[PDB]
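Heads up, the chain below is alone and in the form deposited in one PDB entry; it's given as structure tokens.
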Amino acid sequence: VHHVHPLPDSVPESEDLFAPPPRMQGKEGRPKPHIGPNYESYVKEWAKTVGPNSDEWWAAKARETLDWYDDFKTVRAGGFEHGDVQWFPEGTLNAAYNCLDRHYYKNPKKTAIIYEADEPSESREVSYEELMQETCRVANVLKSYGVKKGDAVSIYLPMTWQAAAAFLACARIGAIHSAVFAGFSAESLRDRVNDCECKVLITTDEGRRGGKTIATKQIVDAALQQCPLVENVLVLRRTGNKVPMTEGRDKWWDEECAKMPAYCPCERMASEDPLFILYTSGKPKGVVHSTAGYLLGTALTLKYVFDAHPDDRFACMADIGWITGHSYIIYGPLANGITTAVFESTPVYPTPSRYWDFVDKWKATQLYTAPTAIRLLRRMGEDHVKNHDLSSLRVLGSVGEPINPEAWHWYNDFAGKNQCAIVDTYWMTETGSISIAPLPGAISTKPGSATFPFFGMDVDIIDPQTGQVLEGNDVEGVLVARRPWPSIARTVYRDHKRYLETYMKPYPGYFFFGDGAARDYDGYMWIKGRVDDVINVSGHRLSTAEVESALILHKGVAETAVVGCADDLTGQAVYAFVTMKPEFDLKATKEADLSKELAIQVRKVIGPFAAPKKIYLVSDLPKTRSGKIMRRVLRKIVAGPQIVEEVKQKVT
């Protein structure tokens, strides 16, 4: 029938298509969608945003969405080949003016940040007025340290609301902020501090996350032992517990800010001035974004992928150390002038009901999280969500990895009660903003499909064995883009050759995401996993999401990862690392029978070749702080944080 199949699901294809629900049709007093009600309404608007006549739309959106000090004249220029991408180059603006000042001038008492503290009872709303005053104070403090336009400033802050003020204070004066996930080791912090050559660092005395203390200042003290360029450290008093402070070098955030005025002017920034550096986990890649294209891209995707409306309370549960936090906690939502959540805790603290307690307390209208969090709460059962309201939500988003249809259905049935649109949002740090996602008022969804590309995104499928584009539908290969879009990364910091070689060289003429992808018979796009994770069994090229979505169809399975290994008879062979739910009786099911049933399930939905050669039952998989599964690690172990010793021990 079809060359390309959906990710394995227990639900039949003919009953697995989800039209926008009533909460996304302008019924029950909910806002009418910006784009709707159907696929044709998405195509009609999307077509204006790509092709040789798309400048007019982008020019209008740029002028309508952002406040400019100087207008631009050129809409776009440059290209992939040399990495000289330009958007609105003659224009000037300020990101902090667009995220704070203009909204403060309209409604200063409107809530900018819902600060959901690690302890629920310490939460509160932070108005645009308060956020802007604190941003301006910090901006004044940085100027007193001699920080100039174009200087780098490192940020090592946990998920307290002042992290937005630190970002936006750097943006306000034209400094380039480099945020580092709070909790990274002293060595990882040091490597990123030295690479951006910053002279100022911002951090807390301590962090709080899940009832546990992050010793940020002690970590900072170990790191700066090898960072000779850092002269000033601004220390936010988050807990007030005793930490070491170095005379002269270190200062308390509150005592410095109390000396400064509560307003600070905005540096007028060129469209292409660098806004930030964001390192991704070879050596750390300093991904650089400029100002206007990135801001416009986060503003537009937030408005259209989540159907944001003025009074919305947008809840992105990620961390600001991640691009997801950059684009859909701070810049995107604050640019649109709505309320945004800064969530300091974990999904299971104090109990696995926290997400849903949070939604009903604040009456959030959109929730945006990661598959790893969705599969975690699935592992915990349905009683932490069944007895909540959750009816203020209209849209639920998933980001970071392919979402298995099992998880997609749990999300849809319990978080949304079958009344929310599910937006599977595909993008990368290097894309700046969401690349492929359903528009929730228009697109009928399929579990595990990102569906259709966003405005400005013209994507295609290349057969990696020929280097040539595959025309039509029902094709599979590697995902590429044909043209720059406004928010694409502009370089890798002081390493432009790595930028060109990684993204622009593999398929000359295109941008190479690094993900395997398929376009099915309806034109829906499926992102199936990293190209490096593809497993080649006797010609059959298997993707990680494919096999993992099959394995999770078996009862008792909480999460899985599969990697390839050298096999003489099949080229490569599939090896599966399976995580079971805690209450699964492993003594009653003889493990060899479990592994046998798992092979049968994979052979049924995928084919005989896809059955794992070996299956390792483990307690947890190696994962990053954002929740990406570390298949490279498992692949290396099967070929010769504490969860890494368990994997090596179970494989020997």
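From 1 onward, residues are counted along the sequence shown. Heads up, when I say rigid core I mean the largest set of C-alphas that superpose within 1.5 Å between the two forms.
Keep in mind that the form deposited in another entry is missing from the display, and what follows is about it.
Among the candidates 534, 390, 243, 469, the CA atom that moves 2 angstroms or more between the shown form and the other one after core superposition belongs to 534 alone.
Here residue 566 counts as shifted, since its C-alpha moves by at least 2 Å between the shown form and the other one after the core is aligned. If you fit the rigid core between the shown form and the other one, you'll see the Cα of residue 230 move by less than 2 angstroms. Once the rigid core is overlaid between the shown form and the other one, residue 44 does not reach a Cα shift of 2 Å, moving by less than that.
Whereas the shown form places them at one spacing, the Cα atoms of residue 9 and residue 460 lie at least 3 Å closer in the other form. In the other form, the Cα positions of residue 13 and residue 43 lie at least 3 Å nearer to each other than in the form displayed.
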